[PDB]
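Peer 1: Just the starting chains for now, same placement as in the complex:
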Amino acid sequence: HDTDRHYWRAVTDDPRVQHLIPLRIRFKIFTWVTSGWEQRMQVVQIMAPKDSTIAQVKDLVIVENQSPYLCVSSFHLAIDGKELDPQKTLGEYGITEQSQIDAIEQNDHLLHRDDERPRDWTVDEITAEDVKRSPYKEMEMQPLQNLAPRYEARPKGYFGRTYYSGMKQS
Amino acid sequence: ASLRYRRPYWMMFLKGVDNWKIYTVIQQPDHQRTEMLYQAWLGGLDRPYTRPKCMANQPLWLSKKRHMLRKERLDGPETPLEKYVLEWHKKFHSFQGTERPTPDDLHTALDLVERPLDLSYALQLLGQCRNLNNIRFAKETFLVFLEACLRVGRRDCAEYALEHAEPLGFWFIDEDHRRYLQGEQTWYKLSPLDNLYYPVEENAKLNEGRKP
Amino acid sequence: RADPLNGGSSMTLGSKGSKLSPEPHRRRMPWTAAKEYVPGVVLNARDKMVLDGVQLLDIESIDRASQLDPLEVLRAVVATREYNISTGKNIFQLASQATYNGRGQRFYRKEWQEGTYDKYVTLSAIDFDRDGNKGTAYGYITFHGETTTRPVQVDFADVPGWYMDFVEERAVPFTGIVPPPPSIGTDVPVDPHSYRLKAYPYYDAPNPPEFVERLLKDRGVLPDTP
Amino acid sequence: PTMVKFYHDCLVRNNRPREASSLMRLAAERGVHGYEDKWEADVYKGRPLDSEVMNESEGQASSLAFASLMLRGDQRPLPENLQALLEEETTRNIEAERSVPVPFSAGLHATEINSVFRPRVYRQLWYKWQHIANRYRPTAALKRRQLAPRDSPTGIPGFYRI
Amino acid sequence: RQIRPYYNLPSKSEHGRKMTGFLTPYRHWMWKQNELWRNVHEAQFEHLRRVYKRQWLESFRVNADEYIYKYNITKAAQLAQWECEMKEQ
Amino acid sequence: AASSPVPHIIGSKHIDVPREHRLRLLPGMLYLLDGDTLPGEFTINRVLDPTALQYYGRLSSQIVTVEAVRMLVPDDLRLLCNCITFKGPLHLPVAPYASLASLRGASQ
């Protein structure tokens, strides 16, 4: 239970605050209609930090797609056909929220990933083991079903017939 | 009514020992000498040995040795059937054995009968296959059993199988074997290689000629 | 808990039941899981009065002086077989006398077919040890038409009291695999003329009139008199 | 009688049942007090000594390797290629059972557990010649409040201190 | 205590107890009848349990609301008096 | 695989990882191939135990008939391969967009 916090601080300070961009990245998929295969677009939306590189954006797409049909092989990020250098920042390409980014796959390969980083990893090092969802998708407050409501069963000083003082000093 | 808190936890579900109160006080030095003298009294050990603290019975490696070192009760087999009984116990009566016998292995024991003492050894192997090993017999098992008892001249046990065969395990007994032992027929088989009715005391009456 | 009797109700300790949950109440004792048990005292103790006047012989005693007459040996074998059958029929005693070790046949306990209880086990595999009356049996459990997906270990498979009826169509050889019998709701379509449910959830059997008469005579409502 | 009590506990600690059975047999014949009832039969009567086995093994050849093996009389040895494979089976199983530690012993034999010794001078006793290594008497010999009343000093300063 | 009637299944055993707990179907049926007659009483028991629980919670709500009102007035007057004494000091 | 297209469940050959990366990448991976061709550097152990073959009863009855179950143990004894040979056709209806429609033994 050592969570590196032994007091009550109701406010959120600067090391947990991140500056994020809602980047949506398109994938070329194929759906079956009565005629045959039809090419459509599947969008994966991530929150990438502003100072991140394109390899980090690719890793964010890999860890936050949670779909077994999209990130199956080695893909490549591109804008208007021109491929992106994965060692460059998003600010060097001027990538904004309206920038259309595509993911071109090479299905002959097989993407072997190692998800050793948890999905909710911030600087405070507090992650859940049964997390199952990116922290931007989950709600802030919800009902706790795992715990149990417990009432006070140990009286301190008052036990009975007449409340003279109640032993409030104890 | 449980012994969970009266004896140590390694004696959980423990039944069938001689006295489980012995193995709670083994570590006392007067009982520690008594255990090591008992292992020398049982033999099979070249060095002084005590059984482990969390064991009541003998260990599996030690009881396997004493079962292999134990001399058989039948010494000096005269007949090849009695050598097959010693091969039966080394194979189908070893310590913690897994393999079961075969109905063809029972046919080998029923084909080596020479003296009437051999039928007592062979039919007790037939009882272990039905009761102990619980093996379904083959289709020709009563055929080998019938000709085994006729070598030793014992007909009263061969007709004993006909009045109740399903306790003995003979699920197939052909009608010519039933007519022979009950007295309807006077022969039980026809030889394919000699063309004569067995036994040979009836062949002198039935078949006066020899045919291929 | 996972499954309490009548919810949480604690006016008496008998209102909870003789066991508080089907799960084991402690983690260290998995043998305390709630399951259907079998009266092994009456069943495992066979009648020893069929061995009187019968000279049994030990396995190790293969000396020449201890051998018996072959008629006496044969009546000892008959008496030992009648001793092993005297209480009931085992699974391993019924399957050894069957084709393909009884694979695919339906074995059932005596009380598995009476009342509104309907349950059998379609046998899939039996691994005999050297003592052929024991071992371990496997099968698909069918309870009121519904069937398991995988073969389960048949509990109390060595205790006698089992029955089966041999059907040649259900026999599966050692080359093939025993197919699971179909669930009457899921796999095959439901037909009332083929299988009709004796019981269902939220159903209790009607009261027999002899039990009603017996309880009203015990409580004193009916004038029971000699 | 104090020497036989120590020497019997040392031989059973060092895995010597033959030397301990010969000690109880010796103390019963000599008339040592406390040992006239403890007399054990000699199960090693036909067996030779352990020291003469070892130099015989360095230098009948079938009985040379299996002279140390103890048999009941109703036991026979295996063939020598089969028995020697079985003899190394037992010596790897004895060392496997002796290497596992007992979890609540502090690495001690059961003889050494609760075996604190001080001489007889530590508990209200003085010199006597016949008590060579006399263990001090227990604290149940002298109870307090039977030698002096309540709130009154007793003349036993270091009795109950072990 | 679990009743062992004389017409239960007897365990012919010299190494233990002489009567098992295996019933008769009549015993099963009459035990079910007694179970239902206890089930009526325990249903009323649990009903009164939940009724008394919500009664205690509603009483705590009302008394806590009154105590919160009076204690807020008291603490406001106390803080004003403490501020005046601090100013004088 | 008979109802939706799964990406890497059916290949044209065994996946060729190097011998040094064989123990690291291969466990946890599954693929279906056409025909009974086994990978090299493996010892073939056919499962003939009826106690072990009984658990494919629902797989052989309601789906494709199980012909042979083999366990492949390598020279270093550290990477098993459970090879099961099925015989077509499927008893389940196969979608035309499914992965098993790209298999010759499953469609025929």
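Peer 2: Now that the structure is in, tell me what you want to look at. Numbers count the residues shown, from 1 in each chain, chains lettered A, B, ... in the order given.
Peer 1: Where do the helices of chain C begin and end?
Peer 2: All helices of chain C, identified by DSSP state H, fall at C:40-44, C:70-85, C:91-95, C:209-219.
Peer 1: Mind checking the ones you listed for the one nearest to chain B?
Peer 2: Of all the helices of chain C, helix C:70-85 sits nearest to chain B, with 3.9 Å by C-beta to the nearest C-beta. Yep, even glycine has a C-beta here, placed from its N, CA and C like the rest.
Peer 1: Buried ones in that closest one, by neighbour count?
Peer 2: C:70, C:72-84 (16 or more other C-beta atoms under 10 Å in any protein chain shown).
Peer 1: between these, which is nearest chain E?
Peer 2: residue C:83 (15.7 Å).
Peer 1: List the residues that contact that closest one.
Peer 2: C:46, C:47, C:48, C:50, C:51 (C-beta atoms under 8 Å, 6 or more residues apart in numbering or on different chains).
Peer 1: Strands - which of those land there?
Peer 2: Using DSSP state E, no member of these falls in strands.
Peer 1: Filter those down to the buried ones, ChimeraX style.
Peer 2: ChimeraX command restricting those to the buried ones, with burial defined by 16+ other C-beta under 10 Å:
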select /C:46,50,51
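Peer 1: follow-up on the earlier one: of all the helices of chain C, which lies closest to residue A:90?
Peer 2: helix C:91-95 (70.6 Å; C-beta to C-beta).
Peer 1: The closest one and chain F, any residue contact?
Peer 2: No: counting by C-beta under 8 Å from any C-beta of the partner chain, chain F is not contacted by helix C:91-95; separation bottoms out at 12.6 Å.
Peer 1: Could you list every helix and strand in contact with that helix?
Peer 2: Under the contact criterion of 3 or more C-beta pairs under 8 Å, 6 or more residues apart in numbering or on different chains; DSSP states H and E, helix C:91-95 touches strand C:106-109, strand C:119-128, strand C:135-143, strand C:162-164.
Peer 1: let's see 10 Å
Peer 2: Packing partners of helix C:91-95 (3 or more C-beta pairs under 10 Å, 6 or more residues apart in numbering or on different chains; DSSP states H and E): helix C:70-85, strand C:106-109, strand C:119-128, strand C:135-143, strand C:162-164.
Peer 1: give me every residue that touches the spatially most central residue of chain E.
Peer 2: Centroid-nearest residue in chain E: residue E:49, 6.0 Å away (criterion: C-alpha atoms, centre = their mean). Residue E:49 makes contact with C:8, C:9, C:10, C:11 under the criterion C-beta atoms under 10 Å, 6 or more residues apart in numbering or on different chains.
Peer 1: now for chain G, put it on the one above:
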Amino acid sequence: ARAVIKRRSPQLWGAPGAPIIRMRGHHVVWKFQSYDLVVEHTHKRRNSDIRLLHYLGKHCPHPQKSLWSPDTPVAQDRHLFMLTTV
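Peer 2: Adding chain G to the chains above:
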């Protein structure tokens, strides 16, 4: 869950069990015996200075004469009285 079970007071599911409302007595004669309706554990705590959870009241099992009969005569007022605090 002991080796030698306390033969005179056996209970269920170990100590300390569920809280139970009991009517405990005193170690006196019957003519001065009174009862205390108390809330305690299933096994009685004899190693504490807190031997009960809550004290619900006192019941007197001896009937008292109605000392309030001429106040307001109602039906069945002159019968005896059993005093209890709840």
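Peer 1: Please re-evaluate what packs on helix C:91-95 in the presence of chain G.
Peer 2: When contacts are defined as 3+ C-beta pairs under 10 Å, 6+ apart, helix C:91-95 packs onto helix C:70-85, strand C:106-109, strand C:119-128, strand C:135-143, strand C:162-164.
Peer 1: who touches that helix?
Peer 2: Helix C:91-95 is contacted by residues B:134, B:136, C:81, C:84-85, C:101-103, C:105, C:107, C:121, C:123, C:126-129, C:131-137, C:139, C:154, C:156-164, C:166 when judged by C-beta under 10 Å, 6+ apart.
Peer 1: Pretty sure residue B:3 sits against residue B:12.
Peer 2: Yes: using C-beta atoms under 10 Å, residue B:3 is in contact with residue B:12, at 8.2 Å.
Peer 1: mind checking the SS state of the closest residue to residue D:67 other than its chain neighbours?
Peer 2: Nearest non-adjacent residue to residue D:67, counting by C-beta to C-beta, 6 or more residues apart in numbering or on different chains: residue D:53, 5.6 Å away. With DSSP: H, G, I helix; E, B strand; the rest coil as the basis, the three-state label of residue D:53 is helix.
Peer 1: how about the spatially most central residue of chain A, phi and psi?
Peer 2: Among the residues of chain A, the one closest to the centroid is residue A:134, at 2.6 Å (C-alpha atoms, centre = their mean). Backbone geometry at residue A:134, expressed as degrees, to the nearest 10, gives phi -70, psi 150.
Peer 1: so what's the residue of chain C found nearest chain B up against?
Peer 2: Chain B sits closest to residue C:132 of chain C, with a gap of 2.7 Å, by C-beta to the nearest C-beta. Residue C:132 is in contact with B:100-101, B:128-136, C:90, C:92-93, C:95-96, counting by C-beta under 10 Å, 6+ apart.
Peer 1: and which of those is nearest to residue F:103?
Peer 2: The closest of those, once distances to residue F:103 are taken by C-beta to C-beta, is residue C:95, at 39.5 Å.
Peer 1: could you measure residue E:58 against residue E:52, distance?
Peer 2: Between residue E:58 and residue E:52 the distance is 11 Å, computed by C-beta to C-beta, to the nearest Å.
Peer 1: Return the residues of chain G in contact with chain C.
Peer 2: G:11, G:12, G:13, G:18, G:20, G:42 (C-beta under 10 Å from any C-beta of the partner chain).
Peer 1: any idea which of the residues you listed is closest to residue D:94?
Peer 2: The closest of the residues of chain G next to chain C, once distances to residue D:94 are taken by C-beta to C-beta, is residue G:13, at 45.9 Å.
Peer 1: how many other residues sit next to that closest one?
Peer 2: The local packing of residue G:13 (other C-beta atoms under 10 Å in any protein chain shown) involves 12 other residues.
Peer 1: what helix or strand does it sit in?
Peer 2: Residue G:13 is part of no helix or strand when elements are defined by DSSP states H and E.
Peer 1: Another chain to add, chain H:
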Amino acid sequence: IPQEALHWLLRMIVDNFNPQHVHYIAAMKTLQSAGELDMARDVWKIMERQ
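Peer 2: Now chain H, sitting on the chains shown earlier:
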């Protein structure tokens, strides 16, 4: 019962604790998730009276 979500706030004030904003947010969300809107407005009135 959902009334306990209103109860454990009130026992927070009887035991002389100052309820933070997360307690009011959690109480109003828990009482809105159970359909008790007047209890959520009572939580708001408790927050205003503090």
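Peer 1: so, the buried residues of helix C:70-85 revisited with chain H in the model?
Peer 2: Buried residues in helix C:70-85 (16+ other C-beta under 10 Å): C:70, C:72-84.
Peer 1: Could you double-check that the residue nearest to the centre of chain A lies in contact with residue A:64?
Peer 2: Yes: with contact defined as C-beta under 10 Å, residue A:134 reaches residue A:64; the gap is 5.0 Å.
Peer 1: Of all residues in chain E, which one is closest to chain D?
Peer 2: For chain E, C-beta to the nearest C-beta, closest residue to chain D: residue E:15, 31.7 Å.
Peer 1: Repeat that for chain F.
Peer 2: residue F:77 (22.9 Å).
Peer 1: Could you verify my assumption that that residue touches residue F:43?
Peer 2: Yes: using C-beta under 10 Å, residue F:77 is in contact with residue F:43, at 8.9 Å.
Peer 1: quick one, strands of chain F?
Peer 2: F:42-46, F:65-74, F:81-87.
Peer 1: any bit of the longest one sitting next to chain C?
Peer 2: Going back to what we said before, that points to strand F:65-74. Yes: if you take C-beta under 10 Å from any C-beta as the test, strand F:65-74 does meet chain C, through F:65, F:66, F:69.
Peer 1: Nearest to chain H among those?
Peer 2: Out of the residues of strand F:65-74 next to chain C, the member with the shortest distance to chain H (by C-beta to the nearest C-beta) is residue F:66, at 50.0 Å.
Peer 1: Name all residues that make contact with the closest one.
Peer 2: C:176, C:177, F:53, F:56, F:57, F:59, F:60, F:84, F:85, F:86, F:87.
Peer 1: Can you get me a residue count around the residue nearest to it when sequence neighbours are not counted?
Peer 2: Excluding its sequence neighbours, the residue lying closest to residue F:66 (C-beta to C-beta, 6+ apart) is residue F:60, at 4.1 Å. For residue F:60, the neighbour count with other C-beta under 10 Å is 21.
Peer 1: Likewise for residue A:36?
Peer 2: 10.
Peer 1: just to revisit the earlier point, go ahead and confirm the residue nearest to residue F:66 touches residue F:85.
Peer 2: No: using C-beta under 10 Å, residue F:60 is not in contact with residue F:85, being 11.1 Å away.
Peer 1: Between those two, which contacts overlap?
Peer 2: With contacts taken as C-beta under 10 Å, 6+ apart, residue F:60 and residue F:85 have F:66, F:67 as neighbours in common.
Peer 1: Over to residue A:23: give its phi and psi.
Peer 2: The phi/psi pair for residue A:23 (degrees, to the nearest 10) is phi -90, psi 120.
Peer 1: now the one 5 residues further on
Peer 2: Summarising the backbone geometry of residue A:28 under the convention degrees, to the nearest 10, its torsions are phi -80, psi 110.
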